[PDB]
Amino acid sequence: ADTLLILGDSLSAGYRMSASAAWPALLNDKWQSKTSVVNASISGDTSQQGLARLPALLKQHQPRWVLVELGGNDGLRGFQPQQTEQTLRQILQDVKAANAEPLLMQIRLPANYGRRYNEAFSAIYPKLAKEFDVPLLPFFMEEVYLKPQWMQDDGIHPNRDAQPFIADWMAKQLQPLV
């Protein structure tokens, strides 16, 4: 029984819903008796808070793959993309050293954050992915934005109704990678 560890934030932990309602739990359901999905995501977690938890998780879960979904809160709070990039790099190193396969998810900020900043934030992902030669999954939120009925009031977080769809899309994206 191989393990996929998910190191992410509210987008993966679920926002204003229980963990059982978030897509990782639904993905774990359809990957029943196949692959184990461990959702180690916490709402509001910056890339540093995530990195802070990683060591213990690798040690305890001995995952074959780690899906990294972090940075969104940093950019959202105007952090220094140079810093975020540095944190994500350590995360990838930790994963590799743990003899696990890192899977990086691309993150993008709202258009109302300025072109300058958004481009610098976004570029981090392709850059690290090239640097470590790891898969760079597209940003699943891009498809969700196209369906207002799948978005919560804040225009940021996907709602309960969106979870099964995100689970299916994620299963599709992760398939070749597992």
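Residue positions are given as counts along the sequence shown, with the first one as 1.
Looking at 25 to 33 and 39 to 47 together, the entry lists the larger mean B-factor for 25 to 33, computed on C-alpha atoms. Comparing 61 to 69 with 115 to 123, the stretch with the higher mean C-alpha B-factor in the PDB entry is 115 to 123.
When the CA B factors of the chain's modelled residues are split into thirds, the value for residue 130 lands in the highest one. Annotation for residue 99: C-alpha temperature factor in the highest third relative to the rest of the modelled chain, per the entry. Among the modelled residues of its chain, residue 7 has a C-alpha B-factor that falls in the lowest third according to the deposited record. Among all modelled residues in its chain, residue 76 ranks in the highest third by Cα B-factor.
Ranked against the other modelled residues of its chain, the C-alpha B-factor of residue 86 as given in the entry falls in the middle third.
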